[PDB]
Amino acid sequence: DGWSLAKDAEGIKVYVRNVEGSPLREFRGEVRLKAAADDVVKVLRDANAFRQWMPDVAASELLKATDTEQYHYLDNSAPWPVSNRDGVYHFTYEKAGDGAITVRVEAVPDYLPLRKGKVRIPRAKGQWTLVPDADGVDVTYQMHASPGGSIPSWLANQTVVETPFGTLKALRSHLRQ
């Protein structure tokens, strides 16, 4: 597998695994929502709104959107008094033959110029997975980040579970509105 269950509470499961040559573990969060797949797609489209629910987001803006792709700008906070780091993210929406929806996620540091006063997050990578249930949708959120930002790698690793846990919990509360 490589994976191992790291947390299970409030209906959410988070898996982690080592990635060779990195000091940061990859996570995979899992939750099941009473919503349709395209209800989560809408929320993930509304990047201007990330800051409203998505944890540790100080600010967010949609830069560009097509049918299949999107770019948004984020200013990230942190659980500790460290400088904020910002970044541009590329989402790519794919609908598989079976109605499963995959949103491929990718940091793109050079899309906009550096905003100086701020550290630019280096490449990140992962995806959301949205697969319909009889009555809802099964949600996967998986990310691996490389070294960068204002939070020591050793610190981000020891706290890596709280990112998908906090995100999925907030996306659940948020869809309920």
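Note that residue numbering begins at 1 and tracks the sequence as displayed.
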_So, looking at the entry's B-factor column for Cα atoms, which has the higher mean, 66 to 74 or 146 to 154?_
146 to 154
_On mean Cα temperature factor in this entry, is 48 to 56 or 109 to 117 the higher one?_
109 to 117
_Maximum C-alpha temperature factor, selected from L130, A35, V43, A124_ = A124
*Hey, what third does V103 fall into on Cα B-factor, ranked over its chain?*
lowest
*Determine, from the deposited record, the chain-internal third of the Cα B-factor for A9: lowest, middle or highest.*
middle
*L168, C-alpha B-factor rank within chain (lowest, middle or highest third)*: lowest
_Within-chain third of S83 by Cα B-factor, per the entry_ = highest
